[PDB]
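One chain comes next, on its own, written out as structure tokens in the form deposited in one PDB entry.
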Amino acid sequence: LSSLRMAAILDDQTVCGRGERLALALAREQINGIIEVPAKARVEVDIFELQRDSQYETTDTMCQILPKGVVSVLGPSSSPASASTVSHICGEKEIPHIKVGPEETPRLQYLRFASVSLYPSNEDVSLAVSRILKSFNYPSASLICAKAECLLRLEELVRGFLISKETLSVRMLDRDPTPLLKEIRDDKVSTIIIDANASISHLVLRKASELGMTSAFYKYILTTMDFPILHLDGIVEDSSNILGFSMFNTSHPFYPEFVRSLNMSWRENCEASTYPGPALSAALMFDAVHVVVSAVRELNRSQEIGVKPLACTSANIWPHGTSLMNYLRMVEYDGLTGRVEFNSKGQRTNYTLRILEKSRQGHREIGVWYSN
């Protein structure tokens, strides 16, 4: 009634962060800046910080949020354990959870469903990586994982292939990738798939470069989603085949301005280090604000929506949460990260992953992956 208030949980640091807090502000100002006749309630994004990926800290945070009377809870973007706690408590109170980051709990299908997710599903990534491999005629491949959780993210991929030196091997880091890379070279395997965070992926590629495995005979596929902000100085060559993904639609009317803003924020904190480019999570946060506002306003056109304080100690729910879930799944939005739509289960669909390729200076798009 009084206003669309939504909460956002940020595990982002303030200094040299990913720009999540600023991205939320930008969407809020862009939307509130558009005056309409008739006029409409102002958008508000209450911000709560998370110091650690702790289920224990997160439960306390949700308990501070419920009394505020919010329409959705966004994030966190990089705390899988906290994100599942947010999903559960959101399900109980029937306040939608807008997922913008990895969540690696199932969750069980037969629990309360109060979610949509702007982040690609594990199955989507495994399909995209398979499709690239299919493009090479399913070479012998080795998988290099930072942590064991890659068997969970890439479950669909791994169980589709026979596991052996000739087909698909799996190797994990202990933390020096040189041993692994030599074993892969001794197998004469050409195609390597790297599942890790930006910095570890950079480390595997640097050690491969030293072993001469970075020529044109090798093809790397990085599953990291921050592939565009991963800068490989003095590693990539004219010969190199290092493929990865990106969700950004650079032809979005607000993209250029979005990057200028995050560029300056980065300078006024980290004059020491150079600006890598926009993190995917910042962009998703921005799109999330638009998705929620869009659904709530469509709901308000055919119902009177009211929010009240809830509590962790009370069995109360938000009566309108269930309707808002319907209107959230019906959203069709064109954001910084491409087309946002959802299927009956709350997963993102009818979107694309741009398949990029590193070159000595910049990238080249060599095709895309769809869902339809």
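Only the largest set of C-alpha atoms that superpose within 1.5 Å between the two forms is called the rigid core. A residue's number is simply how far along the shown sequence it sits, counting from 1.
Below, we turn to the form deposited in another entry, even though it does not appear here.
- The only C-alpha among 84, 240, 121, 300 that moves by 2 Å or more between this form and the one not shown, given a superposition on the rigid core, is that of 240.
- The Cα position of residue 165 differs by 2 Å or more between this form and the one not shown after fitting on the rigid core.
- Once both forms are overlaid on the rigid core, the distance between the two CA positions of residue 13 between this form and the one not shown is 2 angstroms or more.
- Positional change of residue 273 between this form and the one not shown reaches 2 Å or more at the C-alpha, relative to the superposed core.
- Relative to what is shown, residue 15 and residue 44 are farther apart in the other form; their C-alpha atoms differ in spacing by at least 3 Å.
- Three angstroms is the minimum change: in the other form, the CA atoms of residue 14 and residue 7 sit farther apart than in this structure, by 3 Å or more.
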